[PDB]
Amino acid sequence: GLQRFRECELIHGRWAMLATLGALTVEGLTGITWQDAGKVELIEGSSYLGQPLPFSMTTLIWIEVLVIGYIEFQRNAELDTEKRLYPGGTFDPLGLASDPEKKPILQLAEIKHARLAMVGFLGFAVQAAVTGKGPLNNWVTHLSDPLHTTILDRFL
Ligand code: CHL
Ligand code: CHL
Ligand code: CLA
Ligand code: CLA
Ligand code: CLA
Ligand code: CLA
Ligand code: CLA
Ligand SMILES: CC(/C=C/C=C(C)/C=C/[C@@]12O[C@]1(C)C[C@@H](O)CC2(C)C)=C\C=C\C=C(C)\C=C\C=C(C)\C=C\[C@@]12O[C@]1(C)C[C@@H](O)CC2(C)C
Ligand SMILES: CC(=C/C=C/C(C)=C/C=C/C=C(C)/C=C/C=C(\C)C=C=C1C(C)(C)C[C@H](O)C[C@@]1(C)O)/C=C/[C@@]12O[C@]1(C)C[C@@H](O)CC2(C)C
Ligand SMILES: CC1=C[C@H](O)CC(C)(C)[C@H]1/C=C/C(C)=C/C=C/C(C)=C/C=C/C=C(C)/C=C/C=C(C)/C=C/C1=C(C)C[C@H](O)CC1(C)C
Ligand SMILES: O=P(O)(O)OC[C@H](O)CO
C-alpha cells in the first residue's frame, strides 16, 4: 500500500538513524565493531562501555522479545494514520513540533536524515562484507590516505 509505506519508510529511517550512530560510537569507544558486537557480547559477558552486565544471552532475548513486542503492539494499536507517523504527546516532551507552522520543516529534516541514515547503514553493511573492518576504521583509513584507500584498489 501507500500510507503503510510512509510508515515503513519513517520507521526504518528512525532505526537506521540510531543504528548508524550506534555502530560508530561503539567502535570509537570500545574498539569493538558493530558486526562483532554480537559475538563478543555472547562470548565475553554482557557489557556496555566495558562495564559488565548480568543478563545471559537467553534472559537477554526474553526481555527483548517481551519488551519490544509489547511496545511494537501498543504502537500498532492505533490507526489515526497521522499519529502512526507523528505520535506526538509523550513522544514530544520539549514540544518542538507543537507549532503547526514549524511541523512541516521539522518533518522535512527528519525524513532527509532518515533517508540519509538508511543509505549510510546500507553502506556500513556492504563495507563490512567487503573489507572485514569497521566503518569508523574505513573512514579514518580513507582519510589518512585518500588516494590509496579507494574502492578501485580492489579491481586495480
Ligand atoms: C507503553 C510504553 C511505550 C514506550 C516505553 C515506547 C517506547 C518507544 N517507542 Mg512507542 N513506546 C510506547 C508506547 C507507544 N508507542 C507508540 C508509538 C510509537 C511510534 C509511532 C514510534 C515509537 C517509537 C518508540 C521509541 C522512541 C521514543 C522517542 O521518540 O524519544 C523521545 C521520548 C522519550 C525519551 C520518552 C520515552 C517514551 C515513553 C515514556 C512513552 C509512553 C507512551 C504512553 C504514555 C502512552 C500513549 C499516550 C501518549 C501519546 C501521550 C521507543 C523505543 C519510535 C520507533 O519505533 O523508532 C524506530 C516510533 O517511530 N512508538 C504509541 C502510540 C501509537 C504507543 C502507545 O501506547
Ligand atoms: C536486528 C538486527 C540484527 C542484525 C542485522 C544482526 C546481524 C548480525 N548478527 Mg546479531 N543481528 C541483529 C540482532 C541481534 N543479534 C543478536 C545476537 C547476536 C550474536 C550472539 C551474534 C550475532 C551475530 C551477527 C552477525 C552474523 C549473522 C550470520 O549470518 O553469520 C552466521 C551466524 C552466526 C555467527 C551466529 C549468530 C546468529 C544471529 C543471526 C543471531 C540471531 C538473533 C535474532 C535476530 C533474534 C532475536 C530477537 C528478536 C526479538 C527479533 C551479523 C553481523 C554473530 C557475530 O557477531 O558474527 C559476525 C554473533 O556471534 N548476533 C541479538 C540478541 C540479543 C539480537 C537481537 O535483536
Ligand atoms: C538500534 C539501536 C542500538 C542498538 C540495537 C544497540 C545495541 C548494542 N549496543 Mg549500542 N549504541 C546506540 C544504539 C544502539 N546500540 C547509540 C545510539 C549509541 C550512542 C550513545 C550507542 C553506543 C554504544 C556503546 C558505547 C556501546 C554499545 C553497546 C551495545 C550492545 C548492548 C548494551 C546495552 O544495551 O546496554 C544498555 C544501555 C545503556 C547502559 C544506556 C546507554 C545510554 C543511553 C540512554 C544514551 C544517552 C546518550 C547521550 C549521553 C548522548 C547524547 C549526545 C549529543 C548531545 C551530541 C548492543 C550490541 C556496547 C558494546 O559493547 O557493543 C559491542 C557498548 O560498549 N552501544
Ligand atoms: C519482538 C516483537 C516485535 C513485534 C511485536 C513487532 C511487530 C511489528 N513490527 Mg517490528 N521490530 C522488532 C520487533 C517486533 N516488531 C525489532 C526487534 C526490530 C529491529 C530494530 C523491529 C523493526 C521493525 C521495522 C524496521 C518495522 C517494524 C514493523 C513491524 C510491524 C509488521 C511486521 C511484519 O509483518 O514484517 C515481517 C517481515 C520481515 C521479517 C521481512 C524482512 C525485510 C526484508 C525485505 C529486508 C531484508 C534485510 C535484512 C538486513 C533483514 C535482517 C535479517 C537479520 C536477522 C540478519 C509490526 C507492528 C514495520 C512497520 O511498522 O510497518 C509499517 C517496519 O517497517 N518493526
Ligand atoms: C551514502 C554515503 C556513503 C559514504 C559517506 C561512504 C563513504 C566511504 N565509502 Mg562507501 N558505500 C556506500 C555509501 C557510502 N560510503 C554504499 C551505499 C555502498 C554500497 C554500494 C558502499 C560501499 C563501499 C565499499 C564496498 C567500500 C566503500 C568505501 C568507502 C570509503 C572510501 C572511498 C570509496 O571507494 O567509496 C566508494 C563508494 C561507493 C560504492 C558509494 C556509493 C554512493 C555515494 C557516492 C553517494 C553518496 C554521496 C556522497 C559522496 C556524499 C554524501 C555523504 C554525506 C555524509 C556527506 C568512504 C569512507 C571503501 C572502504 O571502506 O575503504 C576505506 C570500500 O571499499 N564503500
Ligand atoms: C535529526 C533527525 C531527526 C529530526 C530532525 C526529527 C524531527 C522530528 N521528530 Mg523525530 N526521531 C528521530 C530523528 C529525528 N526527528 C529518531 C532517530 C527517532 C527515534 C528515537 C525519532 C522518533 C520520533 C518520534 C516517536 C516522534 C518524533 C517527533 C519529531 C518532531 C519533534 C521533535 C524535534 O523537532 O527534534 C529535532 C531534533 C533534534 C533537536 C536533534 C536531537 C539531539 C539528540 C538528543 C542527540 C542524539 C541522541 C542519542 C545519542 C540517543 C537517544 C535515543 C532514544 C531511544 C531516546 C520533529 C518532526 C515527534 C512528533 O512527531 O511529535 C509532534 C514524536 O512523537 N520523532
Ligand atoms: C551543497 C549545498 C547544499 C545546500 C545549499 C543545501 C541546503 C539545505 N539543506 Mg542539504 N544536503 C546536501 C547539500 C546541500 N544542502 C547534501 C549533499 C546532503 C547529503 C545527502 C544534504 C542533506 C540534508 C539534510 C539531511 C538536511 C538538509 C537540509 C537543508 C536546508 C537547511 C535548512 C532550511 O531548510 O531552512 C529552514 C527555514 C527557515 C529558517 C525559514 C522559514 C521558511 C522561509 C519562509 C523560506 C526560505 C526562503 C526565504 C526567506 C526567501 C524567499 C523570500 C522571497 C518571497 C523574497 C537547506 C535548504 C535540512 C532540511 O531540509 O531541514 C529543514 C536537513 O535536515 N540537507
Ligand atoms: C532499518 C535499517 C537498519 C537498521 C539497523 C539496526 C537496527 C542495527 C542494529 C545494530 O547495529 C547496532 C546499532 C549495533 C550492533 O552492534 C548490533 C546491531 C543489532 C546489528 C536499514 C534500512 C535500509 C534501507 C534502505 C537501504 C532502503 C533503500 C531504498 C531504496 C533504494 C528505494 C528506492 C525507490 O523508492 C525510490 C527512491 C523511488 C521509486 O521510483 C522506487 C524505488 C526504486 C523502490
Ligand atoms: C531499542 C531500545 C528500546 C528500549 C525500550 C525500553 C527501555 C522499554 C521500556 C518499557 C517499559 C514498560 C512497558 C513499563 C511498564 C511498567 C508498568 C506497567 C509497571 C507498573 C506499576 C503500575 C503503573 C501499574 C502502578 C502500580 O502502583 C505500581 C506498578 C509498579 O505495579 C533501546 C535501545 C538502546 O539501549 C540500546 C540497546 C543501546 C544504547 O546505547 C542506546 C539505546 C538506543 C537507548
Ligand atoms: C522526538 C523528540 C521529542 C522531544 O520533544 C525533543 C527531542 C528530544 C529533541 C526529540 C528527539 C530527537 C532525537 C532523539 C533525534 C535523534 C537523531 C539521530 C540519532 C539522528 C541520526 C542521524 C544519522 C544520519 C543522518 C547518518 C548518516 C550516516 C552516513 C551518511 C554515514 C556514512 C559513512 C559510511 C556509509 C561508511 C564509511 O565508513 C564512513 C561514513 C562517513 C561514516
Ligand atoms: O535538498 P537539500 O537539503 O540537499 O538542499 C539542496 C539545495 O536546496 C540546492 O540548492
# chains A, B, ... in the order shown; residues from 1 in each chain; ligands from 1
$ select_by_dssp --residues "range 12-142 of chain A" --states "alpha helix (DSSP H)" --output "NGL selection string"
:A and (12-30 or 37-43 or 57-76 or 103-131 or 135-142)
$ residues_around --residues "residue 118 in chain A" --least-positions-apart "5" --cutoff "9 Å" --atoms "only C-alpha atoms" --output "mmCIF file with C-alpha atoms, in the first residue's frame"
data_model
loop_
_atom_site.group_PDB
_atom_site.id
_atom_site.type_symbol
_atom_site.label_atom_id
_atom_site.label_comp_id
_atom_site.auth_asym_id
_atom_site.auth_seq_id
_atom_site.Cartn_x
_atom_site.Cartn_y
_atom_site.Cartn_z
ATOM 1 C CA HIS A 12 13.198 2.093 9.086
ATOM 2 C CA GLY A 13 14.668 5.546 8.980
ATOM 3 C CA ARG A 14 14.407 6.148 12.707
ATOM 4 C CA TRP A 15 16.102 2.794 13.350
ATOM 5 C CA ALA A 16 18.752 3.492 10.716
ATOM 6 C CA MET A 17 19.477 6.778 12.444
ATOM 7 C CA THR A 20 24.480 4.165 12.301
ATOM 8 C CA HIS A 113 18.142 12.484 7.881
ATOM 9 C CA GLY A 123 26.891 1.283 3.084
#
$ residues_near_ligand --ligand "ligand 2" --cutoff "9 Å" --atoms "only C-alpha atoms and all ligand atoms" --output "PyMOL selection string"
chain A and resi 34-43+57-58+60-69+125+128
$ closest_atom_pairs --of "chain A" --to "ligand 9" --cutoff "8 Å" --atoms "only C-alpha atoms and all ligand atoms" --output "Markdown table"
| residue | atom | partner | partner_atom_place_in_ligand_line | distance |
| --- | --- | --- | --- | --- |
| A:18 | CA | ligand 9 | 43 (C) | 6.1 |
| A:19 | CA | ligand 9 | 43 (C) | 7.8 |
| A:22 | CA | ligand 9 | 40 (O) | 6.6 |
| A:48 | CA | ligand 9 | 40 (O) | 7.7 |
| A:67 | CA | ligand 9 | 8 (C) | 5.9 |
| A:68 | CA | ligand 9 | 5 (C) | 6.5 |
| A:70 | CA | ligand 9 | 13 (C) | 6.7 |
| A:71 | CA | ligand 9 | 13 (C) | 6.7 |
$ closest_atom_pairs --of "chain A" --to "ligand 5" --cutoff "9 Å" --atoms "only C-alpha atoms and all ligand atoms" --output "JSON lines"
{"residue": "A:116", "atom": "CA", "partner": "ligand 5", "partner_atom_place_in_ligand_line": "1 (C)", "distance": 6.8}
{"residue": "A:117", "atom": "CA", "partner": "ligand 5", "partner_atom_place_in_ligand_line": "1 (C)", "distance": 7.9}
{"residue": "A:118", "atom": "CA", "partner": "ligand 5", "partner_atom_place_in_ligand_line": "1 (C)", "distance": 8.5}
{"residue": "A:119", "atom": "CA", "partner": "ligand 5", "partner_atom_place_in_ligand_line": "1 (C)", "distance": 5.2}
{"residue": "A:120", "atom": "CA", "partner": "ligand 5", "partner_atom_place_in_ligand_line": "1 (C)", "distance": 4.5}
{"residue": "A:121", "atom": "CA", "partner": "ligand 5", "partner_atom_place_in_ligand_line": "17 (C)", "distance": 7.6}
{"residue": "A:122", "atom": "CA", "partner": "ligand 5", "partner_atom_place_in_ligand_line": "17 (C)", "distance": 5.2}
{"residue": "A:123", "atom": "CA", "partner": "ligand 5", "partner_atom_place_in_ligand_line": "16 (C)", "distance": 3.4}
{"residue": "A:124", "atom": "CA", "partner": "ligand 5", "partner_atom_place_in_ligand_line": "11 (N)", "distance": 6.8}
{"residue": "A:125", "atom": "CA", "partner": "ligand 5", "partner_atom_place_in_ligand_line": "18 (C)", "distance": 7.8}
{"residue": "A:126", "atom": "CA", "partner": "ligand 5", "partner_atom_place_in_ligand_line": "19 (C)", "distance": 5.4}
{"residue": "A:127", "atom": "CA", "partner": "ligand 5", "partner_atom_place_in_ligand_line": "24 (C)", "distance": 4.6}
{"residue": "A:128", "atom": "CA", "partner": "ligand 5", "partner_atom_place_in_ligand_line": "60 (O)", "distance": 7.7}
{"residue": "A:129", "atom": "CA", "partner": "ligand 5", "partner_atom_place_in_ligand_line": "25 (C)", "distance": 7.9}
{"residue": "A:130", "atom": "CA", "partner": "ligand 5", "partner_atom_place_in_ligand_line": "25 (C)", "distance": 5.5}
{"residue": "A:131", "atom": "CA", "partner": "ligand 5", "partner_atom_place_in_ligand_line": "60 (O)", "distance": 6.3}
{"residue": "A:133", "atom": "CA", "partner": "ligand 5", "partner_atom_place_in_ligand_line": "60 (O)", "distance": 7.9}
{"residue": "A:134", "atom": "CA", "partner": "ligand 5", "partner_atom_place_in_ligand_line": "60 (O)", "distance": 8.2}
{"residue": "A:135", "atom": "CA", "partner": "ligand 5", "partner_atom_place_in_ligand_line": "60 (O)", "distance": 6.7}
{"residue": "A:136", "atom": "CA", "partner": "ligand 5", "partner_atom_place_in_ligand_line": "57 (C)", "distance": 8.2}
{"residue": "A:137", "atom": "CA", "partner": "ligand 5", "partner_atom_place_in_ligand_line": "62 (C)", "distance": 7.4}
{"residue": "A:138", "atom": "CA", "partner": "ligand 5", "partner_atom_place_in_ligand_line": "62 (C)", "distance": 3.7}
{"residue": "A:139", "atom": "CA", "partner": "ligand 5", "partner_atom_place_in_ligand_line": "57 (C)", "distance": 4.0}
{"residue": "A:140", "atom": "CA", "partner": "ligand 5", "partner_atom_place_in_ligand_line": "57 (C)", "distance": 7.5}
{"residue": "A:141", "atom": "CA", "partner": "ligand 5", "partner_atom_place_in_ligand_line": "62 (C)", "distance": 5.5}
{"residue": "A:142", "atom": "CA", "partner": "ligand 5", "partner_atom_place_in_ligand_line": "62 (C)", "distance": 4.7}
{"residue": "A:143", "atom": "CA", "partner": "ligand 5", "partner_atom_place_in_ligand_line": "57 (C)", "distance": 7.5}
{"residue": "A:146", "atom": "CA", "partner": "ligand 5", "partner_atom_place_in_ligand_line": "31 (C)", "distance": 7.6}
{"residue": "A:147", "atom": "CA", "partner": "ligand 5", "partner_atom_place_in_ligand_line": "32 (C)", "distance": 8.9}
{"residue": "A:149", "atom": "CA", "partner": "ligand 5", "partner_atom_place_in_ligand_line": "62 (C)", "distance": 5.4}
{"residue": "A:150", "atom": "CA", "partner": "ligand 5", "partner_atom_place_in_ligand_line": "34 (O)", "distance": 3.6}
{"residue": "A:151", "atom": "CA", "partner": "ligand 5", "partner_atom_place_in_ligand_line": "34 (O)", "distance": 3.5}
{"residue": "A:152", "atom": "CA", "partner": "ligand 5", "partner_atom_place_in_ligand_line": "34 (O)", "distance": 6.5}
{"residue": "A:153", "atom": "CA", "partner": "ligand 5", "partner_atom_place_in_ligand_line": "64 (O)", "distance": 8.2}
{"residue": "A:154", "atom": "CA", "partner": "ligand 5", "partner_atom_place_in_ligand_line": "64 (O)", "distance": 7.3}
$ select_by_dssp --residues "chain A" --states "strand (DSSP E)" --output "ChimeraX atom specification"
/A:46-48,51-53
$ write_last_selection --atoms "C-alpha atoms" --output "CSV table (one decimal), in the first residue's frame"
chain,number,residue,atom,x,y,z
A,46,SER,CA,27.1,-8.7,28.6
A,47,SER,CA,28.6,-5.2,28.7
A,48,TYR,CA,28.3,-1.6,27.8
A,51,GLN,CA,31.4,-2.5,32.4
A,52,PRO,CA,29.8,-5.9,32.9
A,53,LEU,CA,26.1,-6.6,32.9
$ residues_near_ligand --ligand "ligand 6" --cutoff "9 Å" --atoms "only C-alpha atoms and all ligand atoms" --output "PDB file with N, CA and C atoms, in the first residue's frame"
ATOM      1  N   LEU A  10       9.568   5.934   7.367  1.00  0.00           N
ATOM      2  CA  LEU A  10       9.991   6.670   8.543  1.00  0.00           C
ATOM      3  C   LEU A  10      10.524   5.735   9.613  1.00  0.00           C
ATOM      4  N   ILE A  11       9.811   4.639   9.862  1.00  0.00           N
ATOM      5  CA  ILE A  11      10.244   3.672  10.871  1.00  0.00           C
ATOM      6  C   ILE A  11      11.658   3.154  10.589  1.00  0.00           C
ATOM      7  N   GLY A  13      13.790   4.401   8.854  1.00  0.00           N
ATOM      8  CA  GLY A  13      14.668   5.546   8.980  1.00  0.00           C
ATOM      9  C   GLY A  13      15.058   5.884  10.406  1.00  0.00           C
ATOM     10  N   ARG A  14      14.102   5.828  11.323  1.00  0.00           N
ATOM     11  CA  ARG A  14      14.407   6.148  12.707  1.00  0.00           C
ATOM     12  C   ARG A  14      15.347   5.082  13.309  1.00  0.00           C
ATOM     13  N   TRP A  15      15.212   3.837  12.864  1.00  0.00           N
ATOM     14  CA  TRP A  15      16.102   2.794  13.350  1.00  0.00           C
ATOM     15  C   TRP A  15      17.479   3.084  12.768  1.00  0.00           C
ATOM     16  N   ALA A  16      17.520   3.226  11.446  1.00  0.00           N
ATOM     17  CA  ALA A  16      18.752   3.492  10.716  1.00  0.00           C
ATOM     18  C   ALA A  16      19.523   4.658  11.302  1.00  0.00           C
ATOM     19  N   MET A  17      18.809   5.625  11.858  1.00  0.00           N
ATOM     20  CA  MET A  17      19.477   6.778  12.444  1.00  0.00           C
ATOM     21  C   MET A  17      20.204   6.393  13.727  1.00  0.00           C
ATOM     22  N   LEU A  18      19.524   5.655  14.602  1.00  0.00           N
ATOM     23  CA  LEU A  18      20.116   5.215  15.864  1.00  0.00           C
ATOM     24  C   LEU A  18      21.238   4.213  15.621  1.00  0.00           C
ATOM     25  N   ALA A  19      20.981   3.280  14.708  1.00  0.00           N
ATOM     26  CA  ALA A  19      21.941   2.243  14.357  1.00  0.00           C
ATOM     27  C   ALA A  19      23.284   2.822  13.936  1.00  0.00           C
ATOM     28  N   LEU A  21      24.539   5.746  14.130  1.00  0.00           N
ATOM     29  CA  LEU A  21      25.193   6.472  15.198  1.00  0.00           C
ATOM     30  C   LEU A  21      25.750   5.439  16.173  1.00  0.00           C
ATOM     31  N   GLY A  22      24.949   4.397  16.425  1.00  0.00           N
ATOM     32  CA  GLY A  22      25.327   3.328  17.339  1.00  0.00           C
ATOM     33  C   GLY A  22      26.559   2.554  16.921  1.00  0.00           C
ATOM     34  N   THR A  25      29.675   4.874  17.454  1.00  0.00           N
ATOM     35  CA  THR A  25      30.020   5.115  18.852  1.00  0.00           C
ATOM     36  C   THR A  25      30.693   3.920  19.535  1.00  0.00           C
ATOM     37  N   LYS A  83      -0.829   9.735  13.410  1.00  0.00           N
ATOM     38  CA  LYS A  83      -0.094   9.612  14.658  1.00  0.00           C
ATOM     39  C   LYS A  83       0.749   8.350  14.548  1.00  0.00           C
ATOM     40  N   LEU A  85       2.623   8.071  12.468  1.00  0.00           N
ATOM     41  CA  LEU A  85       3.834   8.635  11.904  1.00  0.00           C
ATOM     42  C   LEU A  85       4.389   9.689  12.837  1.00  0.00           C
ATOM     43  N   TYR A  86       3.504  10.474  13.440  1.00  0.00           N
ATOM     44  CA  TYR A  86       3.919  11.533  14.355  1.00  0.00           C
ATOM     45  C   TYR A  86       3.136  11.463  15.645  1.00  0.00           C
ATOM     46  N   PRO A  87       3.256  10.341  16.357  1.00  0.00           N
ATOM     47  CA  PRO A  87       2.559  10.107  17.625  1.00  0.00           C
ATOM     48  C   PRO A  87       2.484  11.318  18.543  1.00  0.00           C
ATOM     49  N   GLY A  88       3.510  12.156  18.524  1.00  0.00           N
ATOM     50  CA  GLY A  88       3.498  13.322  19.389  1.00  0.00           C
ATOM     51  C   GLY A  88       3.145  12.953  20.820  1.00  0.00           C
ATOM     52  N   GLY A  89       2.789  13.945  21.629  1.00  0.00           N
ATOM     53  CA  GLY A  89       2.434  13.664  23.007  1.00  0.00           C
ATOM     54  C   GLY A  89       3.639  13.426  23.900  1.00  0.00           C
ATOM     55  N   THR A  90       3.663  12.288  24.586  1.00  0.00           N
ATOM     56  CA  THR A  90       4.780  11.964  25.466  1.00  0.00           C
ATOM     57  C   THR A  90       6.034  11.873  24.620  1.00  0.00           C
ATOM     58  N   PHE A  91       5.840  11.535  23.350  1.00  0.00           N
ATOM     59  CA  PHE A  91       6.933  11.397  22.408  1.00  0.00           C
ATOM     60  C   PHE A  91       7.442  12.728  21.885  1.00  0.00           C
ATOM     61  N   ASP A  92       6.954  13.816  22.467  1.00  0.00           N
ATOM     62  CA  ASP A  92       7.400  15.142  22.081  1.00  0.00           C
ATOM     63  C   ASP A  92       7.312  16.058  23.292  1.00  0.00           C
ATOM     64  N   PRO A  93       8.036  15.718  24.369  1.00  0.00           N
ATOM     65  CA  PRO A  93       8.051  16.500  25.607  1.00  0.00           C
ATOM     66  C   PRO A  93       8.365  17.955  25.333  1.00  0.00           C
ATOM     67  N   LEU A  94       9.585  18.217  24.880  1.00  0.00           N
ATOM     68  CA  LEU A  94      10.007  19.573  24.583  1.00  0.00           C
ATOM     69  C   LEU A  94       8.987  20.303  23.714  1.00  0.00           C
ATOM     70  N   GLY A  95       8.110  19.544  23.057  1.00  0.00           N
ATOM     71  CA  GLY A  95       7.091  20.146  22.213  1.00  0.00           C
ATOM     72  C   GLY A  95       7.647  20.937  21.047  1.00  0.00           C
ATOM     73  N   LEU A  96       8.762  20.485  20.486  1.00  0.00           N
ATOM     74  CA  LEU A  96       9.375  21.178  19.361  1.00  0.00           C
ATOM     75  C   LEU A  96       8.463  21.201  18.143  1.00  0.00           C
ATOM     76  N   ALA A  97       7.685  20.142  17.953  1.00  0.00           N
ATOM     77  CA  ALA A  97       6.796  20.072  16.804  1.00  0.00           C
ATOM     78  C   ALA A  97       5.359  20.440  17.133  1.00  0.00           C
ATOM     79  N   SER A  98       5.159  21.162  18.228  1.00  0.00           N
ATOM     80  CA  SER A  98       3.810  21.562  18.600  1.00  0.00           C
ATOM     81  C   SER A  98       3.261  22.577  17.592  1.00  0.00           C
ATOM     82  N   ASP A  99       3.967  23.691  17.422  1.00  0.00           N
ATOM     83  CA  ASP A  99       3.558  24.738  16.491  1.00  0.00           C
ATOM     84  C   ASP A  99       3.408  24.200  15.062  1.00  0.00           C
ATOM     85  N   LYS A 102       5.835  25.114  12.196  1.00  0.00           N
ATOM     86  CA  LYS A 102       7.156  24.511  12.259  1.00  0.00           C
ATOM     87  C   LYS A 102       7.115  23.064  11.789  1.00  0.00           C
ATOM     88  N   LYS A 103       6.061  22.349  12.160  1.00  0.00           N
ATOM     89  CA  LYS A 103       5.932  20.947  11.794  1.00  0.00           C
ATOM     90  C   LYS A 103       6.474  20.526  10.429  1.00  0.00           C
ATOM     91  N   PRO A 104       5.995  21.140   9.337  1.00  0.00           N
ATOM     92  CA  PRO A 104       6.500  20.744   8.017  1.00  0.00           C
ATOM     93  C   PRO A 104       8.015  20.801   7.865  1.00  0.00           C
ATOM     94  N   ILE A 105       8.632  21.842   8.409  1.00  0.00           N
ATOM     95  CA  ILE A 105      10.083  21.988   8.308  1.00  0.00           C
ATOM     96  C   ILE A 105      10.748  20.835   9.042  1.00  0.00           C
ATOM     97  N   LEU A 106      10.397  20.681  10.315  1.00  0.00           N
ATOM     98  CA  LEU A 106      10.946  19.622  11.146  1.00  0.00           C
ATOM     99  C   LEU A 106      10.798  18.243  10.498  1.00  0.00           C
ATOM    100  N   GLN A 107       9.629  17.966   9.936  1.00  0.00           N
ATOM    101  CA  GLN A 107       9.377  16.684   9.285  1.00  0.00           C
ATOM    102  C   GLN A 107      10.199  16.503   8.027  1.00  0.00           C
ATOM    103  N   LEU A 108      10.574  17.607   7.395  1.00  0.00           N
ATOM    104  CA  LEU A 108      11.358  17.536   6.175  1.00  0.00           C
ATOM    105  C   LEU A 108      12.788  17.145   6.527  1.00  0.00           C
ATOM    106  N   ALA A 109      13.278  17.707   7.628  1.00  0.00           N
ATOM    107  CA  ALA A 109      14.624  17.435   8.101  1.00  0.00           C
ATOM    108  C   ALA A 109      14.679  15.985   8.563  1.00  0.00           C
ATOM    109  N   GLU A 110      13.684  15.583   9.340  1.00  0.00           N
ATOM    110  CA  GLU A 110      13.643  14.218   9.825  1.00  0.00           C
ATOM    111  C   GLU A 110      13.653  13.195   8.689  1.00  0.00           C
ATOM    112  N   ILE A 111      12.850  13.411   7.655  1.00  0.00           N
ATOM    113  CA  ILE A 111      12.813  12.439   6.570  1.00  0.00           C
ATOM    114  C   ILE A 111      14.126  12.410   5.777  1.00  0.00           C
ATOM    115  N   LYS A 112      14.779  13.562   5.658  1.00  0.00           N
ATOM    116  CA  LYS A 112      16.040  13.620   4.941  1.00  0.00           C
ATOM    117  C   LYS A 112      17.108  12.881   5.735  1.00  0.00           C
ATOM    118  N   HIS A 113      17.155  13.143   7.040  1.00  0.00           N
ATOM    119  CA  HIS A 113      18.142  12.484   7.881  1.00  0.00           C
ATOM    120  C   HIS A 113      17.876  10.980   7.846  1.00  0.00           C
ATOM    121  N   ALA A 114      16.609  10.608   7.939  1.00  0.00           N
ATOM    122  CA  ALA A 114      16.250   9.199   7.927  1.00  0.00           C
ATOM    123  C   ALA A 114      16.629   8.512   6.615  1.00  0.00           C
TER     124      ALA A 114
END
$ atom_distance --atom1 "atom 8 (O, counted along the ligand's line) of ligand 11" --atom2 "CA of residue 9 in chain A"
21.9 Å
$ atom_distance --atom1 "atom 26 (C, counted along the ligand's line) of ligand 1" --atom2 "CA of residue 84 in chain A"
12.5 Å
$ closest_residue --among "A:44, A:7, A:27, A:145" --to "residue 75 in chain A" --atoms "only C-alpha atoms"
A:7
$ closest_residue --among "A:76, A:59, A:30, A:3" --to "ligand 1" --atoms "only C-alpha atoms and all ligand atoms"
A:76
$ atom_distance --atom1 "atom 19 (C, counted along the ligand's line) of ligand 1" --atom2 "CA of residue 49 in chain A"
27.9 Å
$ decode --residues "range 17-53 of chain A" --atoms "C-alpha atoms" --output "PDB file, in the first residue's frame"
ATOM      1  CA  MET A  17      19.477   6.778  12.444  1.00  0.00           C
ATOM      2  CA  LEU A  18      20.116   5.215  15.864  1.00  0.00           C
ATOM      3  CA  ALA A  19      21.941   2.243  14.357  1.00  0.00           C
ATOM      4  CA  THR A  20      24.480   4.165  12.301  1.00  0.00           C
ATOM      5  CA  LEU A  21      25.193   6.472  15.198  1.00  0.00           C
ATOM      6  CA  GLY A  22      25.327   3.328  17.339  1.00  0.00           C
ATOM      7  CA  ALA A  23      27.760   1.425  15.126  1.00  0.00           C
ATOM      8  CA  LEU A  24      30.209   4.334  15.133  1.00  0.00           C
ATOM      9  CA  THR A  25      30.020   5.115  18.852  1.00  0.00           C
ATOM     10  CA  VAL A  26      30.741   1.543  19.950  1.00  0.00           C
ATOM     11  CA  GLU A  27      33.757   1.255  17.656  1.00  0.00           C
ATOM     12  CA  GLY A  28      35.025   4.658  18.715  1.00  0.00           C
ATOM     13  CA  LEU A  29      34.745   3.861  22.412  1.00  0.00           C
ATOM     14  CA  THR A  30      35.220   0.111  22.921  1.00  0.00           C
ATOM     15  CA  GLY A  31      37.156  -0.714  19.799  1.00  0.00           C
ATOM     16  CA  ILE A  32      34.641  -3.440  19.038  1.00  0.00           C
ATOM     17  CA  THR A  33      32.976  -3.209  15.614  1.00  0.00           C
ATOM     18  CA  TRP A  34      29.188  -3.345  15.111  1.00  0.00           C
ATOM     19  CA  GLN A  35      29.342  -6.695  13.287  1.00  0.00           C
ATOM     20  CA  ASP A  36      31.329  -8.412  16.051  1.00  0.00           C
ATOM     21  CA  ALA A  37      29.423  -6.807  18.933  1.00  0.00           C
ATOM     22  CA  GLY A  38      27.029  -9.758  18.994  1.00  0.00           C
ATOM     23  CA  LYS A  39      29.670 -12.462  19.205  1.00  0.00           C
ATOM     24  CA  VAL A  40      31.876 -10.719  21.752  1.00  0.00           C
ATOM     25  CA  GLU A  41      28.820  -9.899  23.858  1.00  0.00           C
ATOM     26  CA  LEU A  42      27.885 -13.579  23.821  1.00  0.00           C
ATOM     27  CA  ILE A  43      31.414 -14.976  24.389  1.00  0.00           C
ATOM     28  CA  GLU A  44      32.544 -12.404  26.944  1.00  0.00           C
ATOM     29  CA  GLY A  45      29.926 -11.026  29.304  1.00  0.00           C
ATOM     30  CA  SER A  46      27.081  -8.665  28.559  1.00  0.00           C
ATOM     31  CA  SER A  47      28.616  -5.214  28.738  1.00  0.00           C
ATOM     32  CA  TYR A  48      28.305  -1.585  27.798  1.00  0.00           C
ATOM     33  CA  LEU A  49      31.303   0.718  27.721  1.00  0.00           C
ATOM     34  CA  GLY A  50      33.401  -2.054  29.210  1.00  0.00           C
ATOM     35  CA  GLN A  51      31.435  -2.471  32.446  1.00  0.00           C
ATOM     36  CA  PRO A  52      29.788  -5.908  32.914  1.00  0.00           C
ATOM     37  CA  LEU A  53      26.062  -6.645  32.872  1.00  0.00           C
TER      38      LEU A  53
END
